[PDB]
Each structure stands twice: as C-alpha cells, then as structure tokens.
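Working notes for the structure below.
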Amino acid sequence: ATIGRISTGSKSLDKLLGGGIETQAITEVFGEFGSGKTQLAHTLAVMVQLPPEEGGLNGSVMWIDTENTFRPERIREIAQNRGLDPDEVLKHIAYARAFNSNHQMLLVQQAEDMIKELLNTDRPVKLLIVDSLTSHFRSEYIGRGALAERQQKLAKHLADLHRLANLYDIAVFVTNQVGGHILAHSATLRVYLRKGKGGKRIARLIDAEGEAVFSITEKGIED
C-alpha cells in the first residue's frame with residue numbers, strides 16, 4: 001500500500017512532516033511534560049477519523065496508556081469544535097492501560113487481533129498510539145539498567161510495533177517524556193517538542209529542516 005498521511009491540525013507541523021504523520025512508520029514525539037506531545041496525540045486521534053480531503057484516513061484508533069493521560073473529554077472538545085460527532089469519534093478509539101512493561105508487550109499482540117477484525121470494515125485501524133512508551137521500561141529496572149533484559153524487551157516491543165505499522169498500513173504514534181528517561185531511537189521519524197515563547201510549542205526533526213510552531217487550542221493544535 002502507498003503511504004497515507006494524517007494531518008496534525010497545524011499547517012506548519014504538517015509541512016515539517018511532509019504532509020502529516022505517515023502510515024507504515026513509527027513516529028516518536030518527545031519532550032518535557034506539557035511540550036504538546038499529549039495534545040498532539042489526542043488531536044491525531046480525531047484528525048485520522050476525517051476523510052483524506054480534510055487530512056484524515058477514515059480510520060479507527062487504538063490507544064495504549066502507560067501513565068493515565070487519555071482524556072475522553074479532550075477528544076470530545078476537539079471533535080465538537082471541529083466538524084465531528086463526538087459519539088462516533090470516541091466509539092472508534094479503543095483504549096487500554098498497560099499495567100507494566102510485560103502487559104504492555106501483550107497489549108500490542110492483542111491489538112493485532114482487533115486490527116485484523118477491523119481490516120475489512122469501513123473504519124480499519126489507521127492510528128495506534130502508545131503514550132509514554134518507555135515509562136515502565138524505565139521504572140522497573142532502577143539499579144539494574146545494564147541488565148540485557150530491559151534492552152531486549154524494549155527492542156522486541158518496538159519491532160512488534162514496526163511490524164504492525166508496515167503489515168497493516170497503520171501510523172504508529174508514540175510519545176516519550178524527558179536525565180534517566182529512555183527514548184524510542186528506533187522510531188522511523190523522531191520529533192523533539194519544547195515550550196517556546198508566548199505559549200507556543202516548537203517542533204524540530206531529529207534526523208538522527210527548520211522548525212514548526214503551533215498552539216494548543218480548542219481544536220487540539222493549530223498554527
């Protein structure tokens with residue numbers, strides 16, 4: 001399948017991204033708390049449900065929380081203040097909370113089952129979000145980060161995500177929080193977010209371009 005794009009709601013960020021976040025890719029956004037990574041995640045979960053003429057892909061969403069950040073009320077606001085029925089939007093976001101790093105790894109294998117069930121419907125999964133993807137991998141191995149187990153599991157977890165992204169034409173969108181944090185360096189595309197002046201958020205590609213600049217609004221994010 002050809003690559004699909006999901007618009008972020010920000011023309012500036014869409015341009016930095018060549019059109020939007022890609023299917024068949026893992027896109028990692030990372031920064032400090034409040035850098036906009038969680039706001040981007042909620043915004044994409046609505047935008048992907050739009051048709052392509054408005055930057056969506058008519059898709060369903062799966063959301064996996066490590067740290068309780070999903071806010072159905074925020075989904076509702078972004079849907080409402082755009083042209084969308086909030087009931088149909090929340091109904092197409094399947095949610096799960098990863099309890100620990102091992103349950104997290106099972107939830108991805110479980111997600112494949114639902115991906116396959118929806119594959120030949122009119123709302124196939126097109127977005128799979130994992131917020132604070134490495135959180136459990138960090139907090140479970142304090143005092144033993146050199147144990148090869150922590151690296152082996154994370155690497156397998158990311159390879160599972162990369163497989164789902166490519167096999168089923170899905171945009172995988174993962175966030176990580178900022179110095180003991182661990183990031184998804186194997187991501188297809190990595191984006192750094194930070195707070196800027198005047199309440200703005202700034203995005204820069206890692207490539208390891210310019211910068212995009214956007215606001216957190218009632219429509220999620222926009223220029």
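Here's how to read the names in the structure tokens: chain A, B, ... by the order shown, residue numbers from 1 in each chain, ligand numbers from 1 in the order shown.
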
### Message
Set the distance at 9 Å and use only C-alpha atoms: which residues neighbour residue 78 in chain A once local chain neighbours fewer than 6 positions away are removed? I'd like the list as a list in words.
### Response
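That gives residues 42, 43, 46, 84, 86, 217, 218, 219 and 220 of chain A.
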
Deliver the residues from the most recent selection as a file, using N, CA, C and O atoms, as a PDB file, in the first residue's frame.
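Okay, this is what ended up in result.pdb:
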```pdb
ATOM      1  N   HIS A  42      -3.989  13.335  21.278  1.00  0.00           N
ATOM      2  CA  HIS A  42      -5.439  13.496  21.221  1.00  0.00           C
ATOM      3  C   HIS A  42      -5.878  14.083  19.879  1.00  0.00           C
ATOM      4  O   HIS A  42      -6.860  13.619  19.287  1.00  0.00           O
ATOM      5  N   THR A  43      -5.148  15.086  19.369  1.00  0.00           N
ATOM      6  CA  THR A  43      -5.544  15.704  18.105  1.00  0.00           C
ATOM      7  C   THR A  43      -5.510  14.696  16.958  1.00  0.00           C
ATOM      8  O   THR A  43      -6.437  14.638  16.139  1.00  0.00           O
ATOM      9  N   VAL A  46      -8.481  12.287  16.529  1.00  0.00           N
ATOM     10  CA  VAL A  46      -9.644  12.835  15.844  1.00  0.00           C
ATOM     11  C   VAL A  46      -9.370  13.016  14.360  1.00  0.00           C
ATOM     12  O   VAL A  46     -10.133  12.530  13.518  1.00  0.00           O
ATOM     13  N   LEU A  84     -17.412  17.281  13.803  1.00  0.00           N
ATOM     14  CA  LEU A  84     -17.483  15.856  14.091  1.00  0.00           C
ATOM     15  C   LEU A  84     -18.481  15.560  15.197  1.00  0.00           C
ATOM     16  O   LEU A  84     -18.647  16.340  16.137  1.00  0.00           O
ATOM     17  N   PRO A  86     -19.044  13.743  18.370  1.00  0.00           N
ATOM     18  CA  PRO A  86     -18.151  13.198  19.407  1.00  0.00           C
ATOM     19  C   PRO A  86     -18.439  11.752  19.747  1.00  0.00           C
ATOM     20  O   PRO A  86     -17.506  11.016  20.099  1.00  0.00           O
ATOM     21  N   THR A 217      -5.056  24.506  21.279  1.00  0.00           N
ATOM     22  CA  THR A 217      -6.328  25.226  21.221  1.00  0.00           C
ATOM     23  C   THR A 217      -7.487  24.267  21.448  1.00  0.00           C
ATOM     24  O   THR A 217      -7.309  23.070  21.710  1.00  0.00           O
ATOM     25  N   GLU A 218      -8.692  24.821  21.338  1.00  0.00           N
ATOM     26  CA  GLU A 218      -9.915  24.044  21.470  1.00  0.00           C
ATOM     27  C   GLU A 218     -10.093  23.048  20.334  1.00  0.00           C
ATOM     28  O   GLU A 218     -10.842  22.086  20.493  1.00  0.00           O
ATOM     29  N   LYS A 219      -9.453  23.275  19.193  1.00  0.00           N
ATOM     30  CA  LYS A 219      -9.418  22.329  18.084  1.00  0.00           C
ATOM     31  C   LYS A 219      -8.243  21.355  18.176  1.00  0.00           C
ATOM     32  O   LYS A 219      -7.931  20.680  17.189  1.00  0.00           O
ATOM     33  N   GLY A 220      -7.565  21.302  19.317  1.00  0.00           N
ATOM     34  CA  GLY A 220      -6.437  20.415  19.515  1.00  0.00           C
ATOM     35  C   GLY A 220      -5.137  21.171  19.393  1.00  0.00           C
ATOM     36  O   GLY A 220      -4.632  21.721  20.376  1.00  0.00           O
TER      37      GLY A 220
END
```

### Message
Env of range 190-194 of chain A: 6 Å cut, atoms = only C-alpha atoms, seq-sep filter 4 positions within chain, self excluded. Answer as a ChimeraX atom specification.
### Response
/A:27-31,35,201-206

Dump C-alpha atoms for the selected residues as a compact mmCIF listing (two decimals), in the first residue's frame?
```
# COMPACT_ATOMS: atom_id res chain seq x y z
CA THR A 27 6.69 8.46 14.64
CA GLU A 28 8.02 9.37 18.07
CA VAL A 29 7.36 12.76 19.62
CA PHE A 30 9.29 13.55 22.79
CA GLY A 31 9.78 16.43 25.16
CA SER A 35 5.56 20.18 25.47
CA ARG A 201 5.16 24.88 21.09
CA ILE A 202 8.11 24.28 18.78
CA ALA A 203 8.83 21.09 16.83
CA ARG A 204 12.16 20.07 15.30
CA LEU A 205 13.01 16.87 13.41
CA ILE A 206 15.94 14.88 14.76
```

### Task
Within range 89-166 of chain A, find each residue whose DSSP state, derived from the backbone, is helix (DSSP H, G or I), and express the selection as a ChimeraX atom specification.
/A:89-91,101-118,135-139,148-166

#### Entry: Contacts of residue 161 in chain A at 8 Å (only C-alpha atoms; same-chain gap of 4+ positions) as a list in words
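The contact residues come out as residues 26, 108, 157, 165 and 172 of chain A.
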
Can I get the selected residues back with C-alpha atoms, as a compact mmCIF listing (two decimals), in the first residue's frame?
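Okay, this is what ended up in selection.txt:
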```txt
# COMPACT_ATOMS: atom_id res chain seq x y z
CA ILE A 26 6.63 4.75 13.89
CA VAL A 108 0.35 -4.95 21.24
CA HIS A 157 8.36 -4.23 21.68
CA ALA A 165 2.76 -0.40 11.15
CA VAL A 172 2.10 4.20 14.89
```

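Proximity of A:38, A:6, A:50, A:104 to residue 74 in chain A, computed with only C-alpha atoms, is greatest for A:38.
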
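With only C-alpha atoms as the atoms that count, the residue of A:146, A:213, A:167, A:40 with the shortest distance to residue 2 in chain A is A:167.
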
### Task
With a distance cut-off of 12 Å and only C-alpha atoms, select the neighbouring residues of residue 56 in chain A, excluding the residue or stretch itself and same-chain residues fewer than 2 positions from it, and output the selection as an MDAnalysis selection string.
chainID A and resid 4:9 19:23 43:54 58:61 123 126:127 171

Could those selected residues go to a file with C-alpha atoms, as an mmCIF file, in the first residue's frame?
```
data_model
loop_
_atom_site.group_PDB
_atom_site.id
_atom_site.type_symbol
_atom_site.label_atom_id
_atom_site.label_comp_id
_atom_site.auth_asym_id
_atom_site.auth_seq_id
_atom_site.Cartn_x
_atom_site.Cartn_y
_atom_site.Cartn_z
ATOM 1 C CA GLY A 4 -1.064 7.634 3.963
ATOM 2 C CA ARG A 5 -0.690 10.948 5.782
ATOM 3 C CA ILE A 6 -2.609 12.161 8.831
ATOM 4 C CA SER A 7 -2.687 15.932 9.279
ATOM 5 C CA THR A 8 -1.738 17.272 12.718
ATOM 6 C CA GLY A 9 -4.172 20.206 12.561
ATOM 7 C CA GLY A 19 2.139 16.323 4.807
ATOM 8 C CA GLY A 20 1.478 14.646 8.164
ATOM 9 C CA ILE A 21 2.430 11.585 10.184
ATOM 10 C CA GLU A 22 2.869 8.530 7.974
ATOM 11 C CA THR A 23 1.298 5.082 7.969
ATOM 12 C CA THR A 43 -5.544 15.704 18.105
ATOM 13 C CA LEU A 44 -4.354 12.917 15.804
ATOM 14 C CA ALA A 45 -6.954 10.514 17.238
ATOM 15 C CA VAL A 46 -9.644 12.835 15.844
ATOM 16 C CA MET A 47 -7.914 14.005 12.648
ATOM 17 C CA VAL A 48 -7.368 10.414 11.439
ATOM 18 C CA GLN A 49 -11.129 9.827 11.528
ATOM 19 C CA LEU A 50 -11.642 12.593 8.922
ATOM 20 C CA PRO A 51 -11.626 11.844 5.164
ATOM 21 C CA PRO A 52 -8.438 12.455 3.151
ATOM 22 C CA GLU A 53 -9.750 15.686 1.610
ATOM 23 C CA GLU A 54 -9.607 17.083 5.160
ATOM 24 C CA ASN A 58 -11.350 7.390 7.630
ATOM 25 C CA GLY A 59 -9.623 5.347 10.308
ATOM 26 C CA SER A 60 -10.174 3.752 13.705
ATOM 27 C CA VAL A 61 -7.765 4.296 16.584
ATOM 28 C CA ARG A 123 -13.067 2.070 9.557
ATOM 29 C CA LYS A 126 -5.138 3.587 10.890
ATOM 30 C CA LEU A 127 -3.590 5.016 14.089
ATOM 31 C CA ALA A 171 0.503 5.061 11.545
#
```

### Task
Measuring atom to atom with only C-alpha atoms, identify which of A:12, A:101, A:68, A:215 is nearest to residue 139 in chain A.
A:101

### Query
What is the CA of residue 13 in chain A to CA of residue 128 in chain A distance in Å?
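Separating CA of residue 13 in chain A from CA of residue 128 in chain A is a distance of 19.5 Å.
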
### d(CA of residue 92 in chain A, CA of residue 223 in chain A) in Å
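Atom-to-atom, CA of residue 92 in chain A and CA of residue 223 in chain A are spaced 26.4 Å apart.
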
### Query
So which one's closest to residue 185 in chain A, A:207, A:73, A:140, A:131? Using only C-alpha atoms, please.
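Nearest to residue 185 in chain A: A:207.
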
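If you count only C-alpha atoms and ignore residues fewer than 6 places along the chain from residue 112 in chain A, what sits within 12 Å of it is residues 62, 105, 106, 118, 119, 124, 125, 128, 160, 161, 163, 164, 165, 167, 168 and 170 of chain A.
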
Save the residues we just selected, N, CA, C and O atoms, as a PDB file, in the first residue's frame?
```pdb
ATOM      1  N   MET A  62      -6.437   2.866  18.018  1.00  0.00           N
ATOM      2  CA  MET A  62      -6.149   2.150  19.250  1.00  0.00           C
ATOM      3  C   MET A  62      -5.178   2.990  20.057  1.00  0.00           C
ATOM      4  O   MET A  62      -4.242   3.566  19.502  1.00  0.00           O
ATOM      5  N   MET A 105       3.592  -5.241  26.414  1.00  0.00           N
ATOM      6  CA  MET A 105       4.007  -6.036  25.265  1.00  0.00           C
ATOM      7  C   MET A 105       2.913  -7.004  24.822  1.00  0.00           C
ATOM      8  O   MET A 105       2.825  -7.329  23.632  1.00  0.00           O
ATOM      9  N   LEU A 106       2.060  -7.461  25.745  1.00  0.00           N
ATOM     10  CA  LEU A 106       0.950  -8.331  25.351  1.00  0.00           C
ATOM     11  C   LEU A 106      -0.173  -7.541  24.677  1.00  0.00           C
ATOM     12  O   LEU A 106      -0.854  -8.052  23.776  1.00  0.00           O
ATOM     13  N   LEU A 118     -11.025  -5.410  12.141  1.00  0.00           N
ATOM     14  CA  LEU A 118     -11.489  -4.183  11.520  1.00  0.00           C
ATOM     15  C   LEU A 118     -10.932  -3.996  10.116  1.00  0.00           C
ATOM     16  O   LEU A 118     -11.330  -3.054   9.427  1.00  0.00           O
ATOM     17  N   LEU A 119     -10.042  -4.889   9.671  1.00  0.00           N
ATOM     18  CA  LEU A 119      -9.266  -4.633   8.460  1.00  0.00           C
ATOM     19  C   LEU A 119     -10.164  -4.409   7.255  1.00  0.00           C
ATOM     20  O   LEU A 119      -9.907  -3.516   6.436  1.00  0.00           O
ATOM     21  N   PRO A 124     -11.031   0.768   9.189  1.00  0.00           N
ATOM     22  CA  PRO A 124      -9.878  -0.011   9.652  1.00  0.00           C
ATOM     23  C   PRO A 124      -8.996   0.829  10.564  1.00  0.00           C
ATOM     24  O   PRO A 124      -8.976   2.062  10.480  1.00  0.00           O
ATOM     25  N   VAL A 125      -8.307   0.146  11.485  1.00  0.00           N
ATOM     26  CA  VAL A 125      -7.318   0.828  12.318  1.00  0.00           C
ATOM     27  C   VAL A 125      -6.311   1.523  11.420  1.00  0.00           C
ATOM     28  O   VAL A 125      -5.673   0.890  10.571  1.00  0.00           O
ATOM     29  N   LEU A 128      -2.277   3.924  15.815  1.00  0.00           N
ATOM     30  CA  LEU A 128      -2.029   3.181  17.049  1.00  0.00           C
ATOM     31  C   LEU A 128      -1.125   4.048  17.905  1.00  0.00           C
ATOM     32  O   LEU A 128       0.036   4.273  17.545  1.00  0.00           O
ATOM     33  N   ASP A 160       7.821  -5.239  17.241  1.00  0.00           N
ATOM     34  CA  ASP A 160       6.403  -5.581  17.091  1.00  0.00           C
ATOM     35  C   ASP A 160       5.608  -4.405  16.540  1.00  0.00           C
ATOM     36  O   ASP A 160       4.742  -4.577  15.676  1.00  0.00           O
ATOM     37  N   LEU A 161       5.851  -3.208  17.068  1.00  0.00           N
ATOM     38  CA  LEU A 161       5.126  -2.038  16.581  1.00  0.00           C
ATOM     39  C   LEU A 161       5.460  -1.764  15.124  1.00  0.00           C
ATOM     40  O   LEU A 161       4.567  -1.488  14.309  1.00  0.00           O
ATOM     41  N   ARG A 163       6.313  -3.882  12.922  1.00  0.00           N
ATOM     42  CA  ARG A 163       5.640  -4.876  12.094  1.00  0.00           C
ATOM     43  C   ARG A 163       4.170  -4.516  11.875  1.00  0.00           C
ATOM     44  O   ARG A 163       3.666  -4.586  10.748  1.00  0.00           O
ATOM     45  N   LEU A 164       3.451  -4.167  12.946  1.00  0.00           N
ATOM     46  CA  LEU A 164       2.056  -3.785  12.769  1.00  0.00           C
ATOM     47  C   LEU A 164       1.944  -2.596  11.823  1.00  0.00           C
ATOM     48  O   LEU A 164       1.095  -2.593  10.923  1.00  0.00           O
ATOM     49  N   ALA A 165       2.813  -1.592  11.994  1.00  0.00           N
ATOM     50  CA  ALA A 165       2.762  -0.400  11.146  1.00  0.00           C
ATOM     51  C   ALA A 165       2.863  -0.774   9.679  1.00  0.00           C
ATOM     52  O   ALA A 165       2.056  -0.327   8.851  1.00  0.00           O
ATOM     53  N   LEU A 167       2.749  -3.949   8.187  1.00  0.00           N
ATOM     54  CA  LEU A 167       1.934  -5.040   7.649  1.00  0.00           C
ATOM     55  C   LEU A 167       0.499  -4.609   7.389  1.00  0.00           C
ATOM     56  O   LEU A 167      -0.144  -5.118   6.469  1.00  0.00           O
ATOM     57  N   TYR A 168      -0.032  -3.705   8.205  1.00  0.00           N
ATOM     58  CA  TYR A 168      -1.440  -3.343   8.157  1.00  0.00           C
ATOM     59  C   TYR A 168      -1.672  -1.899   7.735  1.00  0.00           C
ATOM     60  O   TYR A 168      -2.806  -1.409   7.859  1.00  0.00           O
ATOM     61  N   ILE A 170      -0.616   1.162   9.007  1.00  0.00           N
ATOM     62  CA  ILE A 170      -1.065   1.890  10.191  1.00  0.00           C
ATOM     63  C   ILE A 170       0.015   2.894  10.566  1.00  0.00           C
ATOM     64  O   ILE A 170       1.214   2.609  10.448  1.00  0.00           O
TER      65      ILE A 170
END
```

## Note on the structure
Here CA of residue 63 in chain A and CA of residue 95 in chain A stand apart by 4.8 Å
